[PDB]
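A.B. asks: Sharing a structure with you now.
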Amino acid sequence: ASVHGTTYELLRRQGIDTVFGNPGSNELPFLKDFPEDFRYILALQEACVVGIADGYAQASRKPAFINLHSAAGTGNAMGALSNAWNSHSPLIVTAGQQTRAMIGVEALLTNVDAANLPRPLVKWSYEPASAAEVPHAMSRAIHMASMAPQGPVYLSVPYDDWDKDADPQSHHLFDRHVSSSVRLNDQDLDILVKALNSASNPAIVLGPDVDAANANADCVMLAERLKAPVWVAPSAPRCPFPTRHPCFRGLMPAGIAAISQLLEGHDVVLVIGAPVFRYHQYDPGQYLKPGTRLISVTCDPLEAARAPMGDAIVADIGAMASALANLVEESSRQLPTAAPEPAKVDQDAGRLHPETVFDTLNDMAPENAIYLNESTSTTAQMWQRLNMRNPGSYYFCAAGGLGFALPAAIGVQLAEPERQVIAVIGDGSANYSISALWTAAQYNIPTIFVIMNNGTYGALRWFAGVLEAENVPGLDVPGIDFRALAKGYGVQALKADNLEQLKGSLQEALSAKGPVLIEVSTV
Amino acid sequence: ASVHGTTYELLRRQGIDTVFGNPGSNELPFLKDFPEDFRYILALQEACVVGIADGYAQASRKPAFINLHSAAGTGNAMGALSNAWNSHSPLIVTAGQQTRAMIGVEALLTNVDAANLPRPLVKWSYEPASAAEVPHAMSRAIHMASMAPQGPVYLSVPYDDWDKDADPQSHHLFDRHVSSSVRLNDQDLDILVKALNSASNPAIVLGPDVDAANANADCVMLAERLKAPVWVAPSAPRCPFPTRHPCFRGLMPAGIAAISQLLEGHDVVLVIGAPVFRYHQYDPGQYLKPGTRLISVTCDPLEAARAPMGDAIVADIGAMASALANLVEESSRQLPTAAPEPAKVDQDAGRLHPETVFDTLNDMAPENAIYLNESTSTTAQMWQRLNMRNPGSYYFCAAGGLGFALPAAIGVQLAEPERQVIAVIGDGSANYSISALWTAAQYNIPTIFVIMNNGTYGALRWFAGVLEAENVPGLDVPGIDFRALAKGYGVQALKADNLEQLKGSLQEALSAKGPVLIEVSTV
Amino acid sequence: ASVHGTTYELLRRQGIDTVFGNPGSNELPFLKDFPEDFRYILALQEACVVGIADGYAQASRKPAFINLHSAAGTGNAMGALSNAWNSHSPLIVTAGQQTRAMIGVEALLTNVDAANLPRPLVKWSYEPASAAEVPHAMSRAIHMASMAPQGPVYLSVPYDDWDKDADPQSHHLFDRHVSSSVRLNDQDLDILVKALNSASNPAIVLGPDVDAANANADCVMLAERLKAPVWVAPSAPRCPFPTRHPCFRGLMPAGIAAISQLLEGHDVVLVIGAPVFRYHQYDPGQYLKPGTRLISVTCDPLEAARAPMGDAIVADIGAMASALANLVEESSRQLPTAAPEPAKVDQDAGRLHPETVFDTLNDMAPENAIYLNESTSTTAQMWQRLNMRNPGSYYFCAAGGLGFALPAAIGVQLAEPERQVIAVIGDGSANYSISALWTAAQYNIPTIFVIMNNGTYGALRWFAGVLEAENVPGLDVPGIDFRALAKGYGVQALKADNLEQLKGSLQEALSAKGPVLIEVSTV
Ligand SMILES: Cc1ncc(C[n+]2csc(CCOP(=O)(O)OP(=O)(O)O)c2C)c(N)n1
Ligand SMILES: Cc1ncc(C[n+]2csc(CCOP(=O)(O)OP(=O)(O)O)c2C)c(N)n1
Ligand SMILES: Cc1ncc(C[n+]2csc(CCOP(=O)(O)OP(=O)(O)O)c2C)c(N)n1
Ligand SMILES: [Ca+2]
Ligand SMILES: [Ca+2]
Ligand SMILES: [Ca+2]
Ligand SMILES: [Ca+2]
Ligand SMILES: [Ca+2]
Ligand SMILES: [Ca+2]
Ligand SMILES: [Mg+2]
């Protein structure tokens, strides 16, 4: 069999049936005779291709396969890979290389020093030394992406390799099963459980890896047994806990001093599935106040190594969450009281306050809706106003790289056809991956995009305010008609200048049978 | 003085007065108190930022300064850097890094292993070890970008460095002058000149570095003295010779066998300012046929090293071109006869043949117009139908990375306010950097964008045809309304469905006082 | 023809006839059927292999070819490559890789991510994508190493490639000639010459690249014409000027303040072939005092970029030195007076003062002797006491990496059979590459090794003294019998405990017909 046939069989046998890409000439030999049981999802720019694959992978909880064009295609996708790295997204990125006969002369489209291009944003990067090695290299890519800590991998393949004969021994790769579903040994696990049972005032902090492992329900049980408040680690890329559960305490502020102050009084703080800690603003102070012991369970050695305080256990989040939830004793402490409902902000008949938008979305959206957030100055309000009861209900660019939510919303909707996806995106952020709209229109993926139009890079004007920075250029983005942009890409567009219109537009959008974009005029 | 003040003085003293960027929080400390004698050009996505800076640098023939946001901003610009590498574009790319106090914990927005991110697409990449080193590092960046062979450089700067005190000895950096304007020593130059004077049937092949050095006029003189035909090296990123000059022979096909066949009979082939050779399609054969001696003058050691045949001289193109043009004897051979005018293709009243579009542009555009090409399946026709008499009249993505022409056209227009820029872009290519349109509208840069709409990735369907590849998915891009996209970004839009409309639209576009986009329905 | 035959023909045609190496299994396929016109020089450890090749290349002024074993062999040679990088040594380092069929499974002896191993100490690093590409890759290696700025390159080759068929078009590589013998254009050169003719008190500073280019004589003429004092740039790896010439001023101290103080009063300082400046100790102060203008001529863009002051011209040192020496006017100023003879230090009948050793060597050694220095605490005395009239008379580890002089002395002696090589090495430094002695014995290369035995890492005890550092462990190296070590490797050994014995031992050593090691007891 050819390398082409062998490789598609490998993919199919490993559960991959979809290719997200933007084609090029070095990739034609791979894409020809495309298998009938496969599905190709085209996007117009590489950041969009990867963003869609990313949302698809995160929501489906399985690896996504991507095919890009040489160095330029790969380069266009590197901002998206920064987010994928931080979110532990299992992405298999393949790029076509020039024919081996012309790599040396560096003919046009040659990806020079290929493996180094995507570094340091990949777990593994490689270009095979011969055509017969391709299936084996593809196998390595699949497993490296899937093993904890999951992350993106890169494989460059010269286009002339596809038609060559594959090693007949490649059949051994087809059904390989690799597992990293491990947990702390019995003896040490018993010690940890005892420390938890003995704590007088424990607190639990959860990160994105909990939602990735679908360990949400196990963490709820753990929180209920320990009768402990639960916080979501700062700069949260996903939501790991039902936001209206009595133990829920909200999103932690992303500052050193703010967090230690928040945890003061808690003798034992158990952090699960999050780095310690994804701070953002520089808020100097103590990492932890005296009297607090921190224990971290992470699926990533890099996270365990860099934590500036506490103990750590490197293991599978799902396996650990399940073990802990079943072994801890039920505390006789009283279960925490639920946080009160957020207040209603005064809303006149003019432009909409973000709070109003979120309250309305919470009112009108189905209970199993999935939200994506790329409205940077309104994140805190969004977290307090949306009741997200189920796992996989929230996504936000893990590395803070804009251009994620719009395409990712399409990938998530593709992965969860029965849950309405609603992406809330700022007018500034909307531009980074605007062409992704075309993919939703073409495949009729019913994502709803809500553009928060305030005409400025709000979050930046805010930091520009703290630093007390003046005369900073480039903070405003006036003159963009989002309805026209949506029309350009074949997506139905609506406008909301006030509350009445907002409610009407949402009613229509929710009843639509295709993707819809709503431009909202915000304060 | 602070690092901030010292750095802006360094830039100003080295001739930089414009910053192309997309702001972020790590960059606010650098951008605050923005100098009044500077100019900030905002673009909505990083590929667009770099593309604009690239066009500006290439057209002005001086380095362009760029400021991006951390890893995500840098990553979004890597496809654009692939083109910049191939075009020897002097680009100074700076990105903001997290505060030194939080780099270790990898707070959000930390650019991890920063210097490795842009590799291998940069000449030099670096992150200073202390704040006082910043001005010196900036100096290194400026010079590394400007010395032959020119190319992009990268500098990552922690945001807390800007307000620190600079080394008082930094003043020594302000007026440093670095030169690489060198040419072959007298003795060896005399030998080369003798070889040229002795040739019986010489041919000259010119590359992009000739136009970059503005050595066009010197090459015309050289060609006239030697009475030799002149070809433009394959995959041409720029036009180095007047296309209607009697010696002009056109664009060389990008294949090994095709080129050796084309050069057969020429005893001495002098290649100036081009790699040997930027092949594209695999057209196996002899690199050179017996009887042909090839001599290459390149400004790049990497080019000299990888040439599979001939001798090479590594030197400044301008200095070499000038020396050769003045030292060679006037041959008694007859000057080559000009190529005949291309034929008029039959055009009915329906959709436009690309040939018709180019003939019409040639008819109506000013004689000093500048063209950008990102209509991949029509490159050969474009080269035969446009009379480009002046230097800096043509640009095409040097690494074949789409998303270059649209933003680059804006940068070129900014650099040459008195020459009408006309970008000819395919409907597929238009999407990669569509948001750049906003920048033209906002600063009122009068670029004319001609979108060749044929609804498909034409060049790919063509390769898919040669390889005799079937069942290749993702080759069509239907359902895009370019007039709506232009409206979305504030740019006047026109449509041309036939010749009559094409002529009318061009008349209007040429008389416009701002940017204009014309969607052309092509066959 | 096979890749094996084609490659040896390429090497032979490019002037390479010697292979320096330490064999391994991945290299057997390359070494088999070793050409009869070639010469293989075996060394017992890789640092020794590279050190010998380095000395050979530096002294012969042509590239040296090296063959090492996979990652371990390459790794053992990386300290030696650090020196080669700093000395601009043209070294072609090749390493054998596992068979392509087993690279993927990482069988024993696989060099993983090969090209990244030697970085950042190489100009170019690469592993071919196919066997037919090997000759072309070898060609690139040869030229990259030879073009200015010269430096080490690395090529990894899977062992199964050698027996495959080579591309018949590879014959084009055989006689390629690449030149970088360039100099500043006429107009700018005239400006520089005028600045030199107009200077009232010029000073000249020379670096290692002057000796590498054999531009010594041209610099003497330049100094005599300008009637200017000449200094050797700090941390000198080579000697670029006759040390007893009336203009000679000695080795510059390696400190910022010390150098500016030394140059004070000189209006124009011309630096040729040296970085600006290879400082060592931290001696904070002004880089240059007011009134001094510095102009640097360097063959390295990296040097021009990082200079913290002055203008720079990037060009070939030989071409530039020759041009300047012939164009400057003869100044009417009086020629500088020669420095007085160094004083005789008092020497009793006990252990030898380093000054005594150097005076005696100067007295007894032939006038065309070549010295290598790796006696770190005695460098200043050595420079003042040895009259070195000819080019290529001195070598010192360019990156300060010990283990250079002993093997390099063998390589230099091999390159210059008619000039007596005398390596002066400290007892600490002698151990790093002690096994190199075997190579001298086996091929009967008559190098004389003088071991300065003082039982301690003297230079370190000295820095430990300045820093006023106390309780520093590991500074003494007692209990080493160098005569026994020499005997172990087959080299004649002598001992000198006092002056009488020193003179006697030197008389014998100079008359020897093979390598000799003299252990000298120093204070
Ligand atoms: C790729 C990328 N480029 C630039 C930035 C810097 N940045 C962070 S927030 C922001 C503002 C986003 O504006 P918008 O989406 O309109 O939302 P707002 O702040 O107004 O809520 C910008 C440009 C970024 N994080 N990522
Ligand atoms: C960043 C990038 N992505 C993908 C490609 C692959 N590619 C080469 S030509 C091409 C078609 C461009 O289509 P279009 O601009 O409509 O012009 P046409 O071929 O129809 O003339 C594509 C997608 C590329 N070279 N660069
Ligand atoms: C590979 C390497 N290891 C360690 C050092 C650090 N070092 C610099 S000088 C020195 C002392 C050398 O001792 P010796 O050769 O006996 O000479 P002395 O200082 O006594 O004159 C040492 C160990 C070095 N420069 N290179
Ligand atoms: Ca409500
Ligand atoms: Ca906004
Ligand atoms: Ca005409
Ligand atoms: Ca098209
Ligand atoms: Ca004497
Ligand atoms: Ca010693
Ligand atoms: Mg990289």
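A.B. asks: If you take all C-alpha pairs in region C:116-271, what percent of them are over 20 Å apart?
C.D. replies: Above the 20 Å cut-off, region C:116-271 has 65 percent of its Cα pairs.
A.B. asks: Right, here's the next one. Can you give the mean number of other chain Cβ atoms that lie within 10 Å of the Cβ atoms in peptide B:120-131?
C.D. replies: If you average over the peptide's residues, the count of other-chain Cβ atoms is 2.
A.B. asks: From the label point of B:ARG100, set 7 Å along Cα to the beta carbon, how far off in nm is each other copy's matching point, shortest first?
C.D. replies: So the distances to the same position in the other copies read 4.9, 4.9 nm.
A.B. asks: Same structure again: Any chance you could list the semi-axes, whole Å, largest first, of the equivalent ellipsoid that the Cα gyration tensor gives for region C:341-523, using √(5λ)?
C.D. replies: They are 24, 19, 17 Å, listed from largest to smallest.
A.B. asks: Then there is this: Taking only the alpha carbons of region A:311-398, what extent do you get along each of the three principal axes, in Å, biggest first?
C.D. replies: Computed over region A:311-398, the largest-to-smallest principal extents equal 54, 33, 28 Å.
A.B. asks: From the gyration tensor of the Cα coordinates in region C:179-340, what semi-axes in whole Å does the equivalent ellipsoid have, largest first, with each one equal to sqrt(5λ)?
C.D. replies: Semi-axes from the Cα gyration tensor: 21, 19, 16 Å.
A.B. asks: For B:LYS344, give me every one of the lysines with a C-alpha distance below 20 angstrom, ignoring sequence neighbours fewer than eight places off in its own chain.
C.D. replies: Correct list for B:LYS344: B:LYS503.
A.B. asks: Using a Förster radius of 45 Å, what is the FRET efficiency between C:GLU418 and B:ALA1 based on their Cβ-Cβ separation? Nearest 0.05, please.
C.D. replies: Plugging the Cβ-Cβ distance into 1/(1 + (r/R0)^6) gives 0.15.
A.B. asks: Under 20 Å between alpha carbons, and skipping anything fewer than 8 positions from A:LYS227 in its own chain: which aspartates and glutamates qualify?
C.D. replies: Candidates past the 8-residue exclusion: A:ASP190, A:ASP218, A:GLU264, A:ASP267, A:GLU329, A:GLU330.
A.B. asks: Okay, moving on. Can you tell me what share of the DSSP beta bridges in chain A is antiparallel? A percent to the nearest 5 is fine.
C.D. replies: Numbers: 3 of 69 bridges.
Of the beta bridges lying entirely in chain A, close to 5 percent run antiparallel.
A.B. asks: Continuing with this model, one more query. Looking for one value pair here: nearest-to-axis residue in chain B (by Cβ) for the rotation onto C, and the distance in whole angstrom.
C.D. replies: Per the B/C rotation axis, the closest residue of B reads B:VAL182, 2.
A.B. asks: Cross-link partners among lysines for B:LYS164, C-alpha distance below 26 Å, same-chain residues fewer than 8 apart left out?
C.D. replies: Here the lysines satisfying the reach criterion relative to B:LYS164 are B:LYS32, C:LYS289.
A.B. asks: Looking at A:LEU173, B:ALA349, A:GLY504, which one has the Cα that reaches farthest to the positive end of the dipole of the protein assembly as shown (charges on Cβ: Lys, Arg +1; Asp, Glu -1)?
C.D. replies: Of the listed residues, the answer is B:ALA349.
A.B. asks: OK, next. What is the distance, in nm, between label points placed 7 Å from the Cα along the Cα-to-Cβ direction at A:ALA257 and at C:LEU327?
C.D. replies: 6.2 nm
A.B. asks: Using unit Cβ charges (K, R positive; D, E negative) and no other charged atoms, how large, in debye to the nearest 20, is the dipole of region A:179-340 about its Cα centre?
C.D. replies: Charge dipole, region A:179-340, about its Cα centre: 440 debye, nearest 20.
A.B. asks: So how do C:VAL205, C:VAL49 line up by other beta-carbon neighbours within 10 Å, fewest first?
C.D. replies: C:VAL205, C:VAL49
A.B. asks: From Cα pairs below 8 angstrom and at least 6 apart in sequence, can you work out the relative contact order of chain C, rounded to a whole percent?
C.D. replies: Contact order relative to length: 14 percent.
A.B. asks: A further question on this structure: If we hang a label 7 Å off Cα along the beta carbon direction at A:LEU475, how far is it from the matching labels on the other copies, in nm, shortest first?
C.D. replies: List, nearest first: 5.1, 5.7 nm.
A.B. asks: Further question on the same structure: Can you sort C:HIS136, B:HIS177 from fewest to most other Cβ atoms within 10 Å of each residue's own Cβ?
C.D. replies: B:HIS177, C:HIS136
A.B. asks: For region A:278-368, which GluC sites (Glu not before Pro) are in a loop by DSSP, counting at most 13 other Cβ atoms within 10 Å?
C.D. replies: Taking region A:278-368 and a limit of 13 other Cβ atoms within 10 Å, the loop GluC sites (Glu not before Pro) found are A:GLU329, A:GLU330, A:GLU367.
A.B. asks: In addition: What per residue convex hull volume, in Å³, comes out for chain B when only alpha-carbon positions are used?
C.D. replies: 159 Å³
A.B. asks: Enumerate the calculated ³J(HN,Hα) couplings along region A:54-65 in order (Karplus 6.51 cos²θ - 1.76 cosθ + 1.60, θ = phi - 60°), each rounded to whole Hz, writing x wherever the residue is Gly or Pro.
C.D. replies: Once θ is set to phi - 60°, the couplings for region A:54-65 become 4, x, 4, 5, 4, 6, 7, 6, 8, x, 10, 9 Hz.
A.B. asks: In nm, one decimal, shortest first: how far is the label point of B:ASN387 (7 Å from Cα along Cα to beta carbon) from the matching points in the other copies?
C.D. replies: The answer, with the shortest distance listed first, is 7.5, 7.7 nm.
A.B. asks: Moving on to the next point. Within 10 Å of each candidate Cβ there may be at most 14 other Cβ atoms; applying that plus a DSSP loop requirement, which trypsin sites (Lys or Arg not before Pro) in region C:433-515 survive?
C.D. replies: Passing sites in region C:433-515 are C:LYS513.
A.B. asks: Could you list which residues have their amide H under 5 Å from that of C:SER375, counting only those 5 or more apart in sequence or on another chain, with H placed in the peptide plane?
C.D. replies: C:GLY426
A.B. asks: What are the extents of the Cα atoms of region A:250-303 along their three principal axes, in Å, largest first?
C.D. replies: 27, 26, 21
A.B. asks: Give me a single rounded figure for B:140-149: the average over its residues of other chain Cβ atoms within 10 Å of their Cβ. Mind showing how you got there, number by number?
C.D. replies: On the way: counts 6, 1, 1, 8, 5, 1, 2, 6, 2, 1.
Across B:140-149, the average partner-chain Cβ count within 10 Å equals 3.
A.B. asks: Provide Rg over Rh for region B:1-88; use the alpha carbon set for both Rg and the Kirkwood Rh (inverse mean inverse pair distance).
C.D. replies: We get a ratio of 0.96 for region B:1-88.
A.B. asks: C:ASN454's amide H: which non-local residues (gap 5+, or another chain) put their own amide H closer than 5 Å, with H modeled 1.01 Å from N in plane and none for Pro or chain starts?
C.D. replies: Answer set, sorted by chain and number: C:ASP427, C:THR522.
A.B. asks: Kindly write out, for region C:202-210 in residue order, the coupling ³J(HN,Hα) from the Karplus curve 6.51 cos²θ - 1.76 cosθ + 1.60 (θ = phi - 60°), rounded to whole Hz, with x marking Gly and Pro.
C.D. replies: Values, residue by residue: x, 9, 10, 10, 10, x, x, 5, 6 Hz.
A.B. asks: In terms of modelled amide H atoms, which long-range or inter-chain residues lie less than 5 Å from the amide H of C:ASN201?
C.D. replies: So C:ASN201 has HN proximity to C:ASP267, C:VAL268.
A.B. asks: Let me ask something else. Which percent of the Cα-Cα distances in region B:106-191 go past 15 Å?
C.D. replies: On the way: 2481 of 3655 pairs.
Considering region B:106-191, 68 percent of its Cα-Cα pairs are separated by more than 15 Å.
A.B. asks: Magnitude of the Cβ-charge dipole of the protein assembly as shown, K/R +1 and D/E -1, about the Cα centre, nearest 20 debye?
C.D. replies: Rounded to the nearest 20 debye, it is 540 debye.
A.B. asks: Can you give the Rg/Rh ratio of the protein assembly as shown, where Rg is from the C-alpha atoms and Rh is the Kirkwood radius?
C.D. replies: Taking Rh as the inverse mean 1/r over Cα pairs, Rg/Rh reads 0.98.
A.B. asks: Apply the Karplus parameterisation 6.51 cos²θ - 1.76 cosθ + 1.60, with θ equal to phi minus 60°, to every residue of region C:466-474 and state each ³J(HN,Hα) to the nearest whole Hz, in sequence, with x for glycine and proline.
C.D. replies: So the J values, rounded to whole Hz, are 4, 3, 6, 10, 10, 6, 8, x, x.
A.B. asks: Based solely on C-alpha atoms, express the radius of gyration and the Dmax of region A:468-523 in angstrom.
C.D. replies: Taking only Cα atoms of region A:468-523, I get Rg and Dmax of 14.9, 48 Å.
A.B. asks: Placing one identical point scatterer on every Cα of region A:1-178 and ignoring solvent, what is log10 I(q)/I(0) from the Debye formula at q = 0.11, 0.15 Å⁻¹?
C.D. replies: Values, matching the q order: -0.40, -0.77.
Cβ: placed from backbone, ideal geometry, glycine included. Neighbour counts: every protein chain shown. Each reported figure results from applying straightforward, stated rules to the coordinates on display, with no laboratory input.
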